[PDB]
Amino acid sequence: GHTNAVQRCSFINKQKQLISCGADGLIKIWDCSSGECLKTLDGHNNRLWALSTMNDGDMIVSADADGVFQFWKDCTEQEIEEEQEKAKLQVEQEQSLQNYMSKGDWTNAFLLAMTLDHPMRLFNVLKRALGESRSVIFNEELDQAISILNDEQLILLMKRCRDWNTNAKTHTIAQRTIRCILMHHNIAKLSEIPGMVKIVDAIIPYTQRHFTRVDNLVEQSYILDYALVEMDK
Amino acid sequence: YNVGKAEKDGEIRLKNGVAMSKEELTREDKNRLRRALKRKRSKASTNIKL
Amino acid sequence: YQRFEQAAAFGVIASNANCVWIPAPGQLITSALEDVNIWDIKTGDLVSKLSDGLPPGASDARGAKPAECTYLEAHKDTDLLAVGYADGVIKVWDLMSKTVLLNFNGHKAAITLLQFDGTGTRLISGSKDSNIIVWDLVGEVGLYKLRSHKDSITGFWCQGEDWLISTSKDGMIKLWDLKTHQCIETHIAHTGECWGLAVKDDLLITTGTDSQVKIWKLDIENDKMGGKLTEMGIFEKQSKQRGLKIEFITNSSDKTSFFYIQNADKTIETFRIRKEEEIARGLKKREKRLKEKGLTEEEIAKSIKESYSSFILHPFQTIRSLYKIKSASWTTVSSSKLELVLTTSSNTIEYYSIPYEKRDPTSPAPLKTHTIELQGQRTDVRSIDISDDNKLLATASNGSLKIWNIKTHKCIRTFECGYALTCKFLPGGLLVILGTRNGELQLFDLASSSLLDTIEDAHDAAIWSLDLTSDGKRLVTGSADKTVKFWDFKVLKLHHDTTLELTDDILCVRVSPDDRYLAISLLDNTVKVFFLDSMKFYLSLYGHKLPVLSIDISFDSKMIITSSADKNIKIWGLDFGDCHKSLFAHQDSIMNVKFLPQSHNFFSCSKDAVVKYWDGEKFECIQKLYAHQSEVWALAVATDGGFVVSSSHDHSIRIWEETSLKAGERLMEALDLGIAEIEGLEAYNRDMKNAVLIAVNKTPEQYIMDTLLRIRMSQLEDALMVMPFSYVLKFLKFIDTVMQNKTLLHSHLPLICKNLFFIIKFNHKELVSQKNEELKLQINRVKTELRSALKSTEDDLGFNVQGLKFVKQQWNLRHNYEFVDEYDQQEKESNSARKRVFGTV
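Residue numbers (full-length UniProt numbering), protein chains in the order written: chain Z, 573 to 707, 718 to 815; chain S, 496 to 539, 588 to 593; chain Y, 5 to 28, 38 to 504, 520 to 687, 745 to 774, 791 to 942.
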């Protein structure tokens, strides 16, 4: 697999693996049992003549012909430790999200949905939270939560509002959420967030169409007026 | 702006604007969506003895 | 043709399932493949056998291998036995009547665990399909399904009705609220798979793949939305392998508690729970030890937390058995002693007794009080033989040879021998001869019950096969040393006579019943036939792609069958070596083929766990026998041909013996129902001052509204025109009723508006004629709210568009370049302007 000559080879992780240095400047970690390149480390731009390993290769040092030292340190368990903690946290958020939706605690479920980036669950929260609102924009507690959103979450939220707005069956959720943003955020800041304008450029054309409709629904509703005036006669 | 494929790999986004992240989806839903994608693509000496 | 059926089955003491001990050392229930055995531990004899019926080989019997039992659970109070099967079928058995009572089919995989509730009226089942289904025995129906898990259910705990804790192979602990049928809490047990789960009071212990073990406190009623399960600490068992099962047992007199961790090695590690006074005594003591060492109080408090597990748990003793352990169960708990029962993978039952005093056991190693090993062989049977009298069956296995009575099915004698590969009776059936893999030839005399003679240098390598002449005075042996050696019986002892050395390894040797032909198989795929009297080479059969494993010559010495690992059976005529036919018999290697005596029909067995009956003249598969679960290593035929004996990798020996409304119409029906109730309640309320809706659980507004949604839009307008007017008045009142429910209105506002206007436009003339004052009020109410609802959505759209346009223009001012010269600006705008490509013709 080396593009050029191999100048050093040493065993690491006891019998399990082997690491080799080549003139191309690429350090390749292979698996002895299967003879396949697990990983490739590229920290040099020249030939590597020397390669030292310490603690079965937990600490690996490679020197470039130019004079550059790359001090590689094993972190496999460290990355595994990090992911396990992330997985543990990721599970707790999901289970808490499911419980909130069942209880109806929308103001909390919305925050969990934004963090996990759950679009379907986020939509249902905004939808059935709106349903209760019919009986300021959404409700006092949830509207406060929308206000606190940072720049990253606003861009994500508006992206969902953009896609929902395209569908005439779901736009009613999109428009109210956008209204809540404009009513509870400094419009100056919203303009400065990078990528907001292009999202807004896509929201406007669909919004006007929905305004052209609904309006036509209103004028058609005047047929009921014509019925009453005829009946009154 | 035409709503197209989801930018994030985990997310699945349909032309109607509905977006579903794969973590959400139940297994039956995952199977169902995969089948729908299939349709949409298609229209377009010791060892031996013992 | 006549038919063959499984007459009897024996040799299996414990199969791949758990073992259930029932107090009278008491009896034991063990799975025997598709049948359940009941053993008596004190005597070691079989008490009874449970078999559903449909014996293998019957026409009504299925054409697939029977589903092996996978879990056993018996409710002691009711004496009902629940048996799980590999195919996902739960059967309820009456122990007294030895019959099936209930047959549940709700799992699509093997059943991994069963658990009777406390009251014995509901049964909870977990299977490899990752589902937990709660069954109602009195109702004989599945109450509900729990489906949060993403892998096989490894263990679960439900001691009360209300809550359930379940574990699965994905490594998750899920806490279920049985009244809601939902998962309340979710935790990651282990970085990999979580296998064992045991709960005692708040104390809860789970095992991972690694020696680490986790302790959790089960605070059921925390009701914080979290923390009902909280990790206590981690302790490490000695065995680095996974822990399969954990089981608590408490001494009634002293309230002492013990548990074991059945490992995937040959070890069971028992552990003891220290009492609270013991724990406080140690906590005080170790704090003094740490305090005397000079550590800070903050450090001491932390180290106590780090050493938390040591206080509650004490290593009690380790049980080491010769074979791999399959399942275990506590038998008796006493102040004097502790007793365990276990089943191994090597087909035995082992009963362990532990005498202890106070903290620690009295004896360094446990006491093995009983074993059940007579009626089973530890290792797979490699070859079998039937005595000429057709009464005694000789079975050879690695490390042991056992002999069984075909009538009584009981083992008579046992002999220790090497890795025996082939075994045959001598005429009169009073002696037996074996060829071991180490190359020796052992002879046993049944009346003596001792090994008569061993030849250490019979062959330089394994003696792969062995056959006898019809006369019974000469012996032929085939070995991997590439030679065939002829031996004589002279009074008994063996004298080598002649050696024939072939080019390649020898896998089988068969001597014709006429004693004229000697068939030999070779590793070079060829079968060499020789004339026995003169040893003159006669024929070279060829064409097999993989080596021939078994050779069998007809009674008339006119047909020879060759079965190979290539999944093919080739029938040849000895007159000229012509291959009459090649049969694609099995889905895997075909190990043994035997001619039925006095006839051309033959049997065949293969690694696919199927024994097939064939027709030697029409070359057609007469019958397929599905009983075995794994490789069928050896087969044997009676001299009369009355029955056939088959042995499998599952240690079982089996004896086969010869015997509508359209759109609009739906809407009209819905209007009649919903408005019937709306009229009813209003009249009921006015005075004060049905089944389908209750079954569907929807309010009348929703039911009609739901029906409107289902109608396709293309059929909607045509559906509405069909209604007579009298339903249009009903339709209007439905809309009026919906108006009060603002939630429904804004949910389906466009649909109501489109339908309402179409109705009015279609029959406007007939509407206006009516002088009904109530109708005038209804439309007036229906009017005002449709406007407000429509204006509400309209106002939202108007606000957002104007606001967004303000966001756009303001950003243009700050971050858009302006060219004062107009002609430059047009060029800039055109390039910045979005460009899309369309087709023309």
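Beta carbons are placed, not taken as given, at the ideal position from N, Cα and C, and that holds for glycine.
Asked: Measure the C-alpha to C-alpha separation of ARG299(Y) and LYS371(Y) and round it to an integer number of angstroms.; Found: 21 Å
Asked: Answer with buried or exposed for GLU153(Y), where buried requires no fewer than 16 other C-beta atoms within 10 angstroms of its C-beta.; Found: exposed
Asked: Taking 6 Å as the cut-off, is the beta-carbon of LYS230(Y) closer than that to any non-hydrogen atom of the ligand SAM?; Found: With respect to small molecules bound, the structure shown includes none, and the ligand SAM cannot be examined in it.
Asked: Taking contact to mean 3 or more Cβ pairs, one atom from each stretch, closer than 8 Å, check whether the segment 750-759 of chain Y and the segment 667-677 of chain Y are in contact.; Found: no
Asked: Keeping to the same chain, check which residues put their C-beta closer than 6 Å to that of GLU651(Z); ignore five residues upstream and five downstream.; Found: none
Asked: State yes or no: is the C-beta of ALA820(Y) within less than 7 Å of the C-beta of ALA748(Y)?; Found: yes
Asked: Answer with yes or no whether the minimum CB distance from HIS767(Z) to chain Y is below 7 Å.; Found: no
Asked: Quick one: Cα of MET563(Y) to Cα of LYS556(Y), how far?; Found: 11 Å
Asked: Between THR220(Y), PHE329(Y), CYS436(Y) and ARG937(Y), which has its C-alpha nearest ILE367(Y)'s C-alpha?; Found: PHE329(Y)
Asked: Tell me the DSSP secondary structure of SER549(Y) in three-state form.; Found: strand
Asked: For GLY452(Y), does the count of other Cβ atoms within 10 angstroms reach 16, so buried, or fall short, so exposed?; Found: buried
Asked: Drop a sphere of 10 angstroms on the beta-carbon of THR427(Y), count the other beta-carbons inside from all chains shown, and report buried for 16 or more, exposed for fewer.; Found: exposed
Asked: For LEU454(Y) and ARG333(Y), I'd like the C-alpha separation in whole angstroms.; Found: 34 Å
Asked: Step through the CB atoms of chain Y and report whether any lies within less than 7 Å of the CB of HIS792(Z).; Found: yes
Asked: So with CB distances below 8 Å, who are the chain S contacts of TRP746(Z)?; Found: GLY512
Asked: Whole angstroms is fine: what's the gap from residue 717(Y)'s alpha carbon to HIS422(Y)'s?; Found: Residues lacking coordinates in chain Y include everything strictly between 687 and 745, among them residue 717(Y).
Asked: Tell me where the alpha helix (DSSP H) around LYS771(Z) begins and ends.; Found: 769-774
Asked: How is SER19(Y) classed by DSSP in three states: helix, strand or coil?; Found: coil
Asked: In chain order, which beta strand (DSSP E) runs of at least 3 residues are fully inside the UniProt repeat "WD 10" (573-614) of chain Z?; Found: 578-584, 589-594, 599-603 and 608-613
Asked: Go ahead and label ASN497(S) buried or exposed: buried means 16 or more other beta carbons lie within 10 angstroms of its beta carbon, across all protein chains shown.; Found: exposed
Asked: At a CB-CB cut-off below 7 Å, which residues of chain Z make contact with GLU519(S)?; Found: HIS690, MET692 and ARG693
Asked: I need the straight-line Cα distance from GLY605(Y) to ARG544(Y), nearest angstrom please.; Found: 15 Å
Asked: Within the segment 145-201 of chain Y, note down every full beta strand (DSSP E) run reaching 3 residues or more, in order along the chain.; Found: 145-149, 154-159, 166-170, 176-181, 185-190 and 195-201
Asked: What first and last residue would you give for the alpha helix (DSSP H) that runs through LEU766(Y)?; Found: 750-773
Asked: For a quick check, are the C-beta atoms of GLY431(Y) and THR408(Y) less than 7 Å apart?; Found: no
Asked: Could you check whether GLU802(Y) and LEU845(Y) sit closer than 7 Å to each other, using their CB atoms as the reference points?; Found: yes
Asked: Could you pull out every residue in the same chain whose Cβ sits closer than 6 Å to the Cβ of residue 462(S), ignoring the five residues on either side in sequence?; Found: No answer is possible for residue 462(S): it lies beyond the span of chain S, which begins at 496 and ends at 593.
Asked: Could you name each continuous beta strand (DSSP E) segment of 3 residues or more that falls completely within the segment 225-303 of chain Y, going from the start of the chain to the end?; Found: 225-231, 242-249, 256-263, 270-276 and 280-286
Asked: Which of helix, strand or coil does DSSP assign to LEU806(Z)?; Found: helix
Asked: If distances are taken between C-alpha atoms only, which option among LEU683(Z), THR575(Z) and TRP602(Z) comes closest to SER582(Z)?; Found: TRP602(Z)
Asked: If we ignore side chains and look at the alpha-carbon of each, how far apart do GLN871(Y) and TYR769(Y) end up?; Found: 27 Å
Asked: Taking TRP684(Y) as the query, report the chain S residues whose CB atoms sit under 7 Å from its CB, ordered along the chain.; Found: Going along chain S, no residue has its Cβ under 7 Å from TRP684(Y), so there is no contact; the nearest lies around 24 Å.
Asked: Let me know the secondary structure DSSP gives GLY76(Y) once reduced to three states.; Found: coil
Asked: Taking 7 Å as the CB-CB limit, is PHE858(Y) close to chain Z?; Found: yes
Asked: For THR482(Y), I'd like the list of residues in its chain whose CB is within less than 7 Å of its CB, leaving aside the five on either flank, ordered along the chain.; Found: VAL539 and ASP543
Asked: Using C-beta distances below 8 Å, list every residue in its chain close to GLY70(Y), excluding the 5 sequence neighbours before and after it, in chain order.; Found: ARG7, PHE8, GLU9, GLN10, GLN651, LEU653, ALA655 and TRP684
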